[PDB]
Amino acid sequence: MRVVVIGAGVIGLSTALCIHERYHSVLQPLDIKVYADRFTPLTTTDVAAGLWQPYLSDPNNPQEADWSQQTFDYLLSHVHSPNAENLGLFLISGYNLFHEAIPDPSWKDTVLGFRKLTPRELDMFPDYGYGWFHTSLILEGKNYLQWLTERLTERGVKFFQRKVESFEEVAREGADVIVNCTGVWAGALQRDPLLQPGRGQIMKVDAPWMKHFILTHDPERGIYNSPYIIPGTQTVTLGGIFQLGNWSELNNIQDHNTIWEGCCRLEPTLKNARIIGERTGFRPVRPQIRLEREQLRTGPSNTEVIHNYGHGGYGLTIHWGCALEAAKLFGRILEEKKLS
């Protein structure tokens, strides 16, 4: 039973591992392999700060709220294991800031100590007039990928660096199941008109005195297009760029001044920060995630494909739920294939 996962960002690597650990003892030849064009230094996953927080509004597929709540609990049960550092996992508090009051978000009892800004906290932000403060989790993508990687390897899940043209090339070559974890690029292997790039751009800066996340929200510039400051483990992420449809994987001088001006307004101490790096990535945007089966009518008998992509600005937030569900699906195949 040879299983091929396509793609090595968080969605693939997490799905590969969650699938291994749940079914390695109940399948004898269970061969897992990861094919991916770009690996762990070079993915959208690596560009993400890793803060956990779903959209303000409720999911088109209400299941998603579970997947988020799930990923959170799991990471939270692990915040104090003594790996977390390796992981890139840690607790962080910070501010959400709005121009006008807004309902409480749905996840408010998932996060630790949710609550509203007191006018004192607000005064430090001339431009914003209401907001939240709550304690959450960051899982830095770069480390997490490095981590998932070492877990997978000792499990002898094998990695190949290679761009795949179709599902049939892979089905032709051996595989009974394909886990489709291709993110923004998913369309190139099965036209999906619903899935667009949300180009995003970020500045990594050296400002270690910054201990809180600060996120600004504005319906006029719209989701993720508004200044945010996110302390990482070695570095602070400075962002707020979102552009539907943009395919330029290039750092753009305009966008740089925008990040830079928006965050200075927000935190003037950032004047003396040293820029370290700058990076661009594509949000796999979609009205909702595609996480579902398809029997692909390849050759004599068709092969099974699990889809898992279109995770948008919240992949790190939801990956774990998503992987449990990818695996459940996978277990559903097994029984139907009379092999459990």
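Sequential numbering from 1, following the sequence displayed. Between two forms, the rigid core is defined as the largest C-alpha subset superposing within 1.5 Å.
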Do the Cα atoms of 261 to 269 stray more than those of 221 to 229 in 7 other deposited structures of this protein, or is it the other way round, with the core held fixed? 221 to 229
Comparing 262 to 270 with 207 to 215, where is the mean C-alpha B-factor higher? 262 to 270
If you take the mean CA temperature factor per stretch, which one wins between 34 to 42 and 55 to 63? 55 to 63
Member of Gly312, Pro29, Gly50, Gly281 with the greatest C-alpha B factor (per the PDB record): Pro29
For the listed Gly240, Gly198, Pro105, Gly141, which has the peak Cα B-factor recorded in the PDB entry? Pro105
Assert third(CA B-factor, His24) within chain per record equals highest
Chain thirds of CA B-factor: placement of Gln70: middle
Can you tell me which third, lowest, middle or highest, the CA B-factor of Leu250 falls into for its chain? middle
Third of the chain, ranked by Cα B-factor, where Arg115 sits: middle
Based on the entry's values, in what third of the chain does the Cα temperature factor of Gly232 lie: lowest, middle or highest? lowest
